[PDB]
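Coordinates from upload20.cif are shown below (mmCIF, C-alpha atoms and all ligand atoms).
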```cif
data_data
loop_
_atom_site.label_atom_id
_atom_site.label_comp_id
_atom_site.auth_asym_id
_atom_site.auth_seq_id
_atom_site.Cartn_x
_atom_site.Cartn_y
_atom_site.Cartn_z
CA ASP H 24 -17.80 -8.81 -13.35
CA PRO H 25 -15.16 -11.08 -11.80
CA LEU H 26 -12.72 -10.18 -14.56
CA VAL H 27 -12.87 -6.45 -13.90
CA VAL H 28 -12.78 -6.93 -10.13
CA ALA H 29 -9.78 -9.26 -10.42
CA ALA H 30 -7.95 -6.85 -12.75
CA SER H 31 -8.65 -4.01 -10.31
CA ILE H 32 -7.12 -5.94 -7.42
CA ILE H 33 -4.16 -6.88 -9.61
CA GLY H 34 -3.65 -3.28 -10.75
CA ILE H 35 -3.47 -2.07 -7.15
CA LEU H 36 -1.13 -4.95 -6.28
CA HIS H 37 1.06 -4.12 -9.28
CA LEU H 38 1.58 -0.55 -8.07
CA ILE H 39 2.42 -1.77 -4.56
CA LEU H 40 4.95 -4.28 -5.90
CA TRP H 41 6.50 -1.85 -8.35
CA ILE H 42 6.96 0.87 -5.73
CA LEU H 43 8.54 -1.67 -3.39
CA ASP H 44 10.85 -2.96 -6.14
CA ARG H 45 12.05 0.55 -6.95
CA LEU H 46 12.66 1.51 -3.31
CA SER Y 23 -20.07 -5.20 -21.02
CA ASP Y 24 -17.57 -2.67 -22.37
CA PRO Y 25 -15.06 -4.38 -24.71
CA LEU Y 26 -12.41 -1.77 -23.91
CA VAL Y 27 -12.64 -2.42 -20.17
CA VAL Y 28 -12.58 -6.17 -20.81
CA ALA Y 29 -9.50 -5.84 -23.03
CA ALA Y 30 -7.71 -3.56 -20.58
CA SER Y 31 -8.49 -6.02 -17.77
CA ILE Y 32 -6.81 -8.88 -19.65
CA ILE Y 33 -3.87 -6.65 -20.57
CA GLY Y 34 -3.49 -5.52 -16.97
CA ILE Y 35 -3.33 -9.09 -15.71
CA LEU Y 36 -0.84 -9.98 -18.45
CA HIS Y 37 1.24 -6.92 -17.53
CA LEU Y 38 1.63 -8.04 -13.93
CA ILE Y 39 2.59 -11.55 -15.04
CA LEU Y 40 5.18 -10.22 -17.49
CA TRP Y 41 6.60 -7.74 -15.01
CA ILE Y 42 6.97 -10.31 -12.22
CA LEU Y 43 8.77 -12.59 -14.68
CA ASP Y 44 11.06 -9.80 -15.85
CA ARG Y 45 12.04 -8.88 -12.29
CA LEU Y 46 12.60 -12.46 -11.16
CA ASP P 24 -17.32 6.36 -16.90
CA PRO P 25 -14.67 8.57 -18.54
CA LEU P 26 -12.31 7.67 -15.68
CA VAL P 27 -12.50 3.94 -16.36
CA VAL P 28 -12.20 4.51 -20.12
CA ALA P 29 -9.12 6.68 -19.55
CA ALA P 30 -7.52 4.16 -17.19
CA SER P 31 -8.21 1.41 -19.74
CA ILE P 32 -6.45 3.35 -22.49
CA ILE P 33 -3.61 4.30 -20.15
CA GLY P 34 -3.24 0.68 -19.03
CA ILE P 35 -2.93 -0.48 -22.64
CA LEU P 36 -0.43 2.29 -23.40
CA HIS P 37 1.50 1.40 -20.25
CA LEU P 38 1.97 -2.23 -21.29
CA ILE P 39 3.08 -1.20 -24.79
CA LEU P 40 5.63 1.33 -23.50
CA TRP P 41 6.97 -1.05 -20.86
CA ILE P 42 7.44 -3.89 -23.39
CA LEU P 43 9.30 -1.47 -25.67
CA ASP P 44 11.42 -0.34 -22.69
CA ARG P 45 12.30 -3.99 -21.96
CA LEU P 46 13.25 -4.61 -25.60
CA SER V 23 -18.69 2.91 -10.47
CA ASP V 24 -17.63 0.33 -7.90
CA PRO V 25 -15.19 1.96 -5.44
CA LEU V 26 -12.68 -0.78 -6.25
CA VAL V 27 -12.77 -0.04 -9.98
CA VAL V 28 -12.63 3.73 -9.35
CA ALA V 29 -9.61 3.32 -7.06
CA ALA V 30 -7.80 0.99 -9.46
CA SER V 31 -8.45 3.43 -12.31
CA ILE V 32 -6.85 6.28 -10.38
CA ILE V 33 -4.00 3.99 -9.35
CA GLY V 34 -3.40 2.83 -12.93
CA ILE V 35 -3.10 6.44 -14.10
CA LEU V 36 -0.75 7.23 -11.22
CA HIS V 37 1.28 4.11 -12.01
CA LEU V 38 1.92 5.22 -15.60
CA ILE V 39 2.90 8.72 -14.41
CA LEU V 40 5.30 7.36 -11.79
CA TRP V 41 6.80 4.77 -14.11
CA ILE V 42 7.46 7.24 -16.94
CA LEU V 43 9.05 9.64 -14.46
CA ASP V 44 11.24 6.92 -12.93
CA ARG V 45 12.46 5.69 -16.32
CA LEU V 46 13.41 9.28 -17.18
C1 LIG A 101 -4.95 -1.15 -13.91
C2 LIG A 101 -5.57 -1.54 -15.26
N1 LIG A 101 -5.11 -0.61 -16.30
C3 LIG A 101 -7.10 -1.47 -15.15
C4 LIG A 101 -7.63 -0.47 -16.17
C5 LIG A 101 -9.16 -0.39 -16.07
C6 LIG A 101 -9.55 0.06 -14.66
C7 LIG A 101 -9.01 -0.94 -13.63
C8 LIG A 101 -9.61 -2.32 -13.91
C9 LIG A 101 -9.22 -2.77 -15.32
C10 LIG A 101 -9.75 -1.77 -16.34
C11 LIG A 101 -7.70 -2.85 -15.42
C12 LIG A 101 -7.49 -1.01 -13.74
CL CL A 102 10.51 -1.44 -14.41
#
```
Would you give me this structure, written as structure tokens?
Amino acid sequence: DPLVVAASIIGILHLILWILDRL
Amino acid sequence: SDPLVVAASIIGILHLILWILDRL
Amino acid sequence: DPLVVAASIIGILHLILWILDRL
Amino acid sequence: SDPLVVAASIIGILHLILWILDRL
């Protein structure tokens, strides 16, 4: 489903952004 | 087709939106 | 899949805890 | 069981672990 695929991409992006914000 | 996965998908998108706004 | 169920629950819990942290 | 969903599930669990630890 596009919703689950989009949320999966966004979840991976969120971790990337959060790690970068903390560092 | 799982309502929990659908709900958690919406919530995950909302979480990123809220977190970006909080940081900016 | 128990993994996707668990990540769904953890994702919901994560948003709740983070909102309460921000408040 | 899509590899993308499996990876994002693992990453979402890791994200909660890391975030709790950081806030502590
Ligand atoms: C990262 C999200 N908690 C989420 C949880 C579930 C696994 C994937 C896709 C969506 C459902 C959203 C990641
Ligand atoms: Cl934060």
Exercise for the section: Residues within 10 Å of ligand LIG 101 (chain A), counting only C-alpha atoms and all ligand atoms: report them as a PyMOL selection string. Expected result: (chain H and resi 26-38) or (chain Y and resi 24+26-35+37-38) or (chain P and resi 26-38) or (chain V and resi 26-38)
Could you give me the residues within 12 Å of ligand CL 102 (chain A), counting all atoms listed in the file, as a compact mmCIF listing (two decimals) with C-alpha atoms, in the frame of the given file?
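Below is the file selection30.txt, written as the result:
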```
# COMPACT_ATOMS: atom_id res chain seq x y z
CA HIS H 37 1.06 -4.12 -9.28
CA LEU H 38 1.58 -0.55 -8.07
CA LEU H 40 4.95 -4.28 -5.90
CA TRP H 41 6.50 -1.85 -8.35
CA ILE H 42 6.96 0.87 -5.73
CA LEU H 43 8.54 -1.67 -3.39
CA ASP H 44 10.85 -2.96 -6.14
CA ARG H 45 12.05 0.55 -6.95
CA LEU H 46 12.66 1.51 -3.31
CA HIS Y 37 1.24 -6.92 -17.53
CA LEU Y 38 1.63 -8.04 -13.93
CA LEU Y 40 5.18 -10.22 -17.49
CA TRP Y 41 6.60 -7.74 -15.01
CA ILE Y 42 6.97 -10.31 -12.22
CA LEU Y 43 8.77 -12.59 -14.68
CA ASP Y 44 11.06 -9.80 -15.85
CA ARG Y 45 12.04 -8.88 -12.29
CA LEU Y 46 12.60 -12.46 -11.16
CA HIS P 37 1.50 1.40 -20.25
CA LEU P 38 1.97 -2.23 -21.29
CA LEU P 40 5.63 1.33 -23.50
CA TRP P 41 6.97 -1.05 -20.86
CA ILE P 42 7.44 -3.89 -23.39
CA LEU P 43 9.30 -1.47 -25.67
CA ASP P 44 11.42 -0.34 -22.69
CA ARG P 45 12.30 -3.99 -21.96
CA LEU P 46 13.25 -4.61 -25.60
CA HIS V 37 1.28 4.11 -12.01
CA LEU V 38 1.92 5.22 -15.60
CA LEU V 40 5.30 7.36 -11.79
CA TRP V 41 6.80 4.77 -14.11
CA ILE V 42 7.46 7.24 -16.94
CA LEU V 43 9.05 9.64 -14.46
CA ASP V 44 11.24 6.92 -12.93
CA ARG V 45 12.46 5.69 -16.32
CA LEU V 46 13.41 9.28 -17.18
```
Any chance you could lay chain V over chain Y, fitting all C-alpha atoms in order by least squares, and write the moved chain as a tab-separated table (two decimals) with C-alpha atoms, in the coordinates of the input?
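Contents of superposed03.tsv, as written:
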```tsv
chain	number	residue	atom	x	y	z
V	23	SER	CA	-18.71	-5.34	-20.26
V	24	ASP	CA	-17.44	-2.71	-22.69
V	25	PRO	CA	-14.86	-4.32	-25.02
V	26	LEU	CA	-12.38	-1.64	-23.97
V	27	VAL	CA	-12.73	-2.47	-20.28
V	28	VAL	CA	-12.60	-6.23	-20.99
V	29	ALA	CA	-9.43	-5.81	-23.07
V	30	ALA	CA	-7.75	-3.57	-20.49
V	31	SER	CA	-8.62	-6.06	-17.76
V	32	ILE	CA	-6.94	-8.89	-19.65
V	33	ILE	CA	-3.99	-6.62	-20.43
V	34	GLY	CA	-3.62	-5.56	-16.78
V	35	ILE	CA	-3.45	-9.20	-15.69
V	36	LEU	CA	-0.92	-9.96	-18.43
V	37	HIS	CA	1.10	-6.89	-17.42
V	38	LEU	CA	1.48	-8.10	-13.83
V	39	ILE	CA	2.49	-11.58	-15.04
V	40	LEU	CA	5.08	-10.20	-17.46
V	41	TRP	CA	6.45	-7.69	-14.98
V	42	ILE	CA	6.89	-10.24	-12.17
V	43	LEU	CA	8.61	-12.60	-14.60
V	44	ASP	CA	10.93	-9.88	-15.91
V	45	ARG	CA	11.94	-8.75	-12.42
V	46	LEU	CA	12.78	-12.37	-11.59
```
